[PDB]
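A.B. asks: Mind having a look at this structure? Questions to follow.
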Amino acid sequence: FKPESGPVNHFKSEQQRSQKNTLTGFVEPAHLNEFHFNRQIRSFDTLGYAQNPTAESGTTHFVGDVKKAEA
Amino acid sequence: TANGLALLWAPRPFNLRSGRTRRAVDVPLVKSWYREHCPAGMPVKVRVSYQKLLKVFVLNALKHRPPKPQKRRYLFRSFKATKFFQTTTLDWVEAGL
Amino acid sequence: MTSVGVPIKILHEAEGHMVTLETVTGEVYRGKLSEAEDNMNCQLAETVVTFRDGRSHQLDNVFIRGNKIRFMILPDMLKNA
Amino acid sequence: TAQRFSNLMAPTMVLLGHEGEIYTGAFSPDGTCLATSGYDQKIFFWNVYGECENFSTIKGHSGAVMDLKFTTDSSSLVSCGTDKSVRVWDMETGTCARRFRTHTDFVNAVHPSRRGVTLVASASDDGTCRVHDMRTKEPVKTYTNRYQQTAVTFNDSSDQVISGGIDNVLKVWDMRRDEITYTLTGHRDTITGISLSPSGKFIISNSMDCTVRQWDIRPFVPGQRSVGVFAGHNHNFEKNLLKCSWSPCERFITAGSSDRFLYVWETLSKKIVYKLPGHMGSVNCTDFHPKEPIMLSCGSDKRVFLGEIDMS
Amino acid sequence: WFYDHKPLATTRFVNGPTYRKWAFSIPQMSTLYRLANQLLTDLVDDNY
Amino acid sequence: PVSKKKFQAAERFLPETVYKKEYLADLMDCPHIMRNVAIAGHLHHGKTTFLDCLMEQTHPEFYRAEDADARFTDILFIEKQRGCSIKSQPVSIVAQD
Amino acid sequence: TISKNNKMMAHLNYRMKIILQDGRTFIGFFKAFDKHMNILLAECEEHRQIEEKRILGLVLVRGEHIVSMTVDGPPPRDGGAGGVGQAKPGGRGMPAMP
Amino acid sequence: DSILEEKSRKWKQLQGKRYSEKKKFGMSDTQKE
Amino acid sequence: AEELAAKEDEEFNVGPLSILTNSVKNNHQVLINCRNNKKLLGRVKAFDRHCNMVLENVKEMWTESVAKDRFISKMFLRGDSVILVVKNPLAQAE
RNA sequence: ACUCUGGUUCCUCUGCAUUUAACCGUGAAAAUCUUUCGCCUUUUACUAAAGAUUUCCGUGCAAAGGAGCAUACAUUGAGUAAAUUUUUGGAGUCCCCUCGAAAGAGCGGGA
Ligand SMILES: Nc1nc2c(ncn2[C@@H]2O[C@H](COP(=O)(O)OP(=O)(O)OP(=O)(O)O)[C@@H](O)[C@H]2O)c(=O)[nH]1
Ligand SMILES: [Mg+2]
Ligand SMILES: [Mg+2]
């Protein structure tokens, strides 16, 4: 995890510099719990917010209408 | 008791009081008739047909090849297992039509 | 037969083998156990008697009463029956 | 050619055969084998060396095995699950030696006493710690806390029961007093696992606040018992009871992580020493081999990863 | 019961609706042995 | 080279017995407690099927069919096919009186 | 213990030291008994004070003469089985990062 | 209390539904009717 | 099992065992002579057809000769040792 | 004293049903390939035998999960309940000679 030293291309956008595997992003297999996955879909769909799906989510614990999540 | 003593020497299945069921197609109702010698008066037409049925049987039993101990491919269970087939009960002449 | 304890059954399988038995008076008889009984009366053929002084005799047959036997030495193979 | 650190057949080994989320995994203290289980309810045993063949597979739980620990002499495996039951599995027989059928809800964690008479501390969704003695059907101690308890351990002398749960505070119950002698306060969210250092001086405790805090559990401490805080791992929306464990030399600490990475921290500096990739879901349980520098990690991805690490 | 579709299938004499085994009494078997007689061989042994 | 020319029954393993094999071998030293016995008679008077019972009693895993004679001692395949004992076969067993 | 039929075997196959009414001491592997307290000792030996030893064999002691017997030594002596998985070697796939 | 009281309820509901007997390993292999 | 352990007590109303029957219920000391050439003097509180007894507050005496004796608070005596039971004239009903 | 389990009926998955004299099937199809017979102006569709493989209609058992019906704790693997000659209701005790500081031991002897 030691970062790559030196400048970065002015020409490529951040989209183009990004780590990727397919033409548009890094696809990788995953194994969630089926129950909690379904719970999070339905919270986003019905309430407007869900818990953040990212690994290494950092401070961004909630996604979507975060104002409702905190309230 | 006299009847029980009679069943012991009955033709199969009647010397059995218990067993597995068979398919209706498996039970060859007439096969005992041509296994034994043709009755003394039967026409040549019939005598030849006894031999020919006997030949089929001898050819079957000669070329048996016992059945492979292998996995049971349930076609219709694989069909029942998908959204595309449903089940019901019908009169045989309705399903036939 | 009706059930009887394993020691008596093993004694009946000791028949036909050599055995040694000591009587309550102390004499040691070695012989071939030709018969046993459920009360463990014993008939020994071909017997050698040993007195407590260490002398000995051959005896052609002996019957020893069951309640006068102190212990027997059976043969080894009976542990497999 | 490259450096090698263990008798492993390869520097990393992938162990496959589980059918569900692997919640728990532990090495035998003698170092010969390891046992792993989870949502698939079977307990799989694996040799640490050679082909790592799955030489045995215990079955019997009617629920997910939430936690699983060897007794210190390695003669028995303690396991507990969502079938409200703690079971002790005899290793030579492969059989349920005891079944402590006395919890009233899911049992989240279990820990056998390190030495002396074998006692089994257990914590449960009924809110109670219980200590079960192999010789009696009835528990020796029932410590009713008000809220569901998710993690438990004895202290090294096996006379205090340390537990944590939904209230985030760790309780320490003193088994001669039947009172909480002190509490360790500092986690922001529910505790997911507690583990006791080999020397017994320290515990770590993992929590859904994404920190591991190291606590000094010695009888006398001259001041604050909070020794330090480790960070880097993450707990996701699955809210798994991510375990934690100690290196047998205490120089290193591990915790489960939802970010797929197997984290190792150095106890003294609190720096991350390893952040190994390779899992594809929550790394629920992590442990060190007791004699040799080998890492166990058990994923929600149904994979177990064994591998060497340079424990310098 | 002689002319049911799967006779005795629901009774104690056969295992159940899968219709895999049967176990009759001698009154049953002897009545059936009589009714079959037009189809059966007279031979009592294989020596023929 | 794989000429399966088998002409007699052969057992890959020793079958289980009620007696230990070591007790049989040790009884060999004692001729008081052994007998050498012929079994004789007319054809099909039940000799081999009688030995099948002693086999079944002394060998817990010995299988007798419900509807055919095992004929353990008819080891030759021609004896299997002809249905009669053709060559004498010995059987040594330990049995209780 | 012994003859309590759920625990009939309570000392069977232990090495036991048997004292008879004549003062003899036998020692052997106690491996059968009878309702008359007859006992059968495998690999039996006798012992006397001076300690003098003699080898006997498989000894049957008529129960009438037994004073008492005691445990002398243990019986002789010599995670189960199964498995489903496999454990081929492998390596760690690098995931994405922020 | 009441904040922990709500979290105590949530954990009870989530764990019960997650580890429900009706969802344990092998179940939901539904029979066609 | 226990049926013939309960039916036993009929004959003791009249047989020679009556000296034990009176010794219990009227509480007479009895000087039970035994094998080992020892005397036991005590109050029988139970007995049976085989002549077991339980003895309270026992004095044991013998010659060893010089006289020696021992005091035993309670005892069970296996009846095969009992030679001769005597209602002791050196004691009484109590 | 330990852990071990509710009956039935049905569905579906998985595994096994080779030491075949012979038989998962007390019944009995079709194909391919190789070869040999007979039709035949060719091929297909065929005749009728051999050998080698396939497919198809079926079979058994074990184990796991589920679904319906009416409902019962025992019970499996591990392991409970006779004072009359031959054993478990006493032919038991006591006393001399011998070797040896010491305590036993002689088919020792005596009441
Ligand atoms: N009724 C009846 N038939 C029996 C009995 N035992 C044998 N059989 C039949 O008699 C026939 C001969 O039995 P085997 O055992 O072959 O007799 P065998 O004497 O050994 O025949 P060989 O040795 O060749 O002379 C078979 O058909 C058996 O089924 C019996 O006990 N009762
Ligand atoms: Mg024969
Ligand atoms: Mg052309």
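Ordering of the structure tokens sets the chain letters (A, B, ...), residue numbers begin anew at 1 in every chain, and ligands are numbered from 1 in the order given.
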Pick out the residues sitting within 8 Å of segment 65-73 of chain C, and hand them over as a PDB file with C-alpha atoms (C1' of nucleotides), in the first residue's frame; count only C-alpha atoms (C1' of nucleotides), and ignore anything fewer than 2 positions along from it in its own chain.
C.D. replies:
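Output file part.pdb follows:
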ATOM      1  CA  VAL C  19      -5.229 -78.160  33.834  1.00  0.00           C
ATOM      2  CA  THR C  20      -3.676 -77.820  37.253  1.00  0.00           C
ATOM      3  CA  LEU C  21      -5.774 -77.479  40.396  1.00  0.00           C
ATOM      4  CA  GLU C  22      -4.967 -77.131  44.080  1.00  0.00           C
ATOM      5  CA  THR C  23      -7.261 -78.672  46.694  1.00  0.00           C
ATOM      6  CA  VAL C  24      -8.064 -77.140  50.060  1.00  0.00           C
ATOM      7  CA  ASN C  39     -20.624 -77.291  40.574  1.00  0.00           C
ATOM      8  CA  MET C  40     -17.026 -77.680  39.258  1.00  0.00           C
ATOM      9  CA  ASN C  41     -16.541 -81.253  40.282  1.00  0.00           C
ATOM     10  CA  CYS C  42     -13.546 -82.296  38.183  1.00  0.00           C
ATOM     11  CA  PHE C  63     -12.320 -87.172  40.835  1.00  0.00           C
ATOM     12  CA  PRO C  75      -4.701 -73.214  29.664  1.00  0.00           C
TER      13      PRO C  75
ATOM     14  CA  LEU G  56       0.594 -69.185  36.928  1.00  0.00           C
ATOM     15  CA  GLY G  57      -1.368 -68.373  33.758  1.00  0.00           C
ATOM     16  CA  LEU G  58      -5.128 -68.075  33.374  1.00  0.00           C
ATOM     17  CA  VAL G  59      -6.390 -68.760  36.899  1.00  0.00           C
ATOM     18  CA  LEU G  60      -9.947 -69.521  37.976  1.00  0.00           C
ATOM     19  CA  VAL G  61     -10.440 -68.897  41.701  1.00  0.00           C
ATOM     20  CA  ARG G  62     -13.413 -70.467  43.397  1.00  0.00           C
ATOM     21  CA  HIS G  65     -11.776 -68.688  49.167  1.00  0.00           C
TER      22      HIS G  65
ATOM     23  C1'   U J  86     -20.835 -78.298  46.000  1.00  0.00           C
ATOM     24  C1'   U J  87     -19.447 -71.508  46.853  1.00  0.00           C
TER      25        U J  87
END
A.B. asks: Using only C-alpha atoms (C1' of nucleotides) and all ligand atoms, what are the residues with an atom within 7 Å of ligand 2, set out as a list in words?
C.D. replies: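 Residues satisfying the distance criterion: residues 47, 48, 74, 84 and 85 of chain F.
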A.B. asks: Output N, CA and C atoms for every residue in the selection just made, as a tab-separated table (two decimals), in the first residue's frame.
C.D. replies:
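What ended up in out.tsv:
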chain	number	residue	atom	x	y	z
F	47	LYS	N	-27.59	-81.77	1.63
F	47	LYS	CA	-26.29	-81.69	2.30
F	47	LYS	C	-25.73	-80.28	2.30
F	48	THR	N	-25.63	-79.67	1.13
F	48	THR	CA	-24.98	-78.38	1.00
F	48	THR	C	-25.79	-77.30	1.67
F	74	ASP	N	-20.40	-75.04	-2.61
F	74	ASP	CA	-20.32	-75.22	-4.05
F	74	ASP	C	-19.56	-74.06	-4.67
F	84	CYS	N	-25.70	-78.63	-8.58
F	84	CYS	CA	-25.33	-79.77	-7.77
F	84	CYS	C	-23.88	-79.66	-7.37
F	85	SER	N	-23.56	-80.24	-6.22
F	85	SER	CA	-22.19	-80.33	-5.75
F	85	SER	C	-21.47	-81.34	-6.60
A.B. asks: Specify as a list in words all residues of chain B found within 12 Å of chain F, counting only C-alpha atoms.
C.D. replies: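 My answer is residues 8, 12, 15 and 16 of chain B.
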A.B. asks: Kindly export the residues of the current selection with C-alpha atoms, as a compact mmCIF listing (two decimals), in the first residue's frame.
C.D. replies:
# COMPACT_ATOMS: atom_id res chain seq x y z
CA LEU B 8 -46.55 -72.02 -1.69
CA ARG B 12 -45.10 -66.31 -9.25
CA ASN B 15 -46.16 -67.80 -4.06
CA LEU B 16 -45.38 -64.31 -2.69
A.B. asks: For chain E, which residue among B:40, B:46, B:29, B:2 is the nearest when counting only C-alpha atoms?
C.D. replies: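 Among B:40, B:46, B:29, B:2, it is B:29 that comes nearest to chain E.
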A.B. asks: Give the residue list for ligand 1 at 9 Å, counting only C-alpha atoms (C1' of nucleotides) and all ligand atoms, as number ranges by chain, sorted by chain and then by residue number.
C.D. replies: F: 40-52, 67-71, 73-74, 79, 82-88
A.B. asks: For chain J, which of I:73, I:18, I:27, I:36 is the closest residue, counting only C-alpha atoms (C1' of nucleotides)?
C.D. replies: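 Of all the options, I:36 lies closest to chain J.
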A.B. asks: To one decimal place, how far is atom CA of residue 24 of chain F from atom CA of residue 15 of chain C in Å?
C.D. replies: 15.7 Å
A.B. asks: Counting only C-alpha atoms (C1' of nucleotides), collect the residues of chain E whose closest atom lies at most 9 Å from chain J, and write them out as a PyMOL selection string.
C.D. replies: chain E and resi 15-18
A.B. asks: Could those selected residues go to a file with C-alpha atoms, as a JSON list (two decimals), in the first residue's frame?
C.D. replies:
[["chain", "number", "residue", "atom", "x", "y", "z"],
["E", 15, "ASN", "CA", -46.81, -48.56, 1.91],
["E", 16, "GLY", "CA", -48.68, -45.50, 0.70],
["E", 17, "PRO", "CA", -49.55, -43.41, -2.34],
["E", 18, "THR", "CA", -46.11, -43.96, -3.94]]
A.B. asks: Could you please determine the separation between atom CA of residue 236 of chain D and atom CA of residue 15 of chain A in Å, to one decimal place?
C.D. replies: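 Computing it gives 26.0 Å between the two atoms.
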A.B. asks: One decimal, Å: what's the distance from atom CA of residue 66 of chain B over to atom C1' of residue 51 of chain J, could you say?
C.D. replies: 17.0 Å
A.B. asks: Going by DSSP on the backbone, which residues of segment 2-47 of chain E come out as alpha helix (DSSP H)? List them as a list in words.
C.D. replies: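 Across segment 2-47 of chain E, those assigned alpha helix (DSSP H) are residues 26, 27, 28, 29, 30, 31, 32, 33, 34 and 35 of chain E.
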A.B. asks: Considering only C-alpha atoms (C1' of nucleotides), return as a list in words whatever protein or nucleic-acid residues lie within 10 Å of residue 5 of chain J, sequence-local ones (same chain, fewer than 4 positions apart) excluded.
C.D. replies: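 Once the nearby chain positions are removed, what remains is residues 73, 75 and 76 of chain J.
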A.B. asks: Those residues you just picked out, can you put them in a file as a PDB file, in the first residue's frame with C-alpha atoms (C1' of nucleotides)?
C.D. replies:
ATOM      1  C1'   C J  73     -41.846 -40.736  25.866  1.00  0.00           C
ATOM      2  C1'   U J  75     -36.660 -46.078  23.959  1.00  0.00           C
ATOM      3  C1'   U J  76     -31.813 -46.744  20.619  1.00  0.00           C
TER       4        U J  76
END
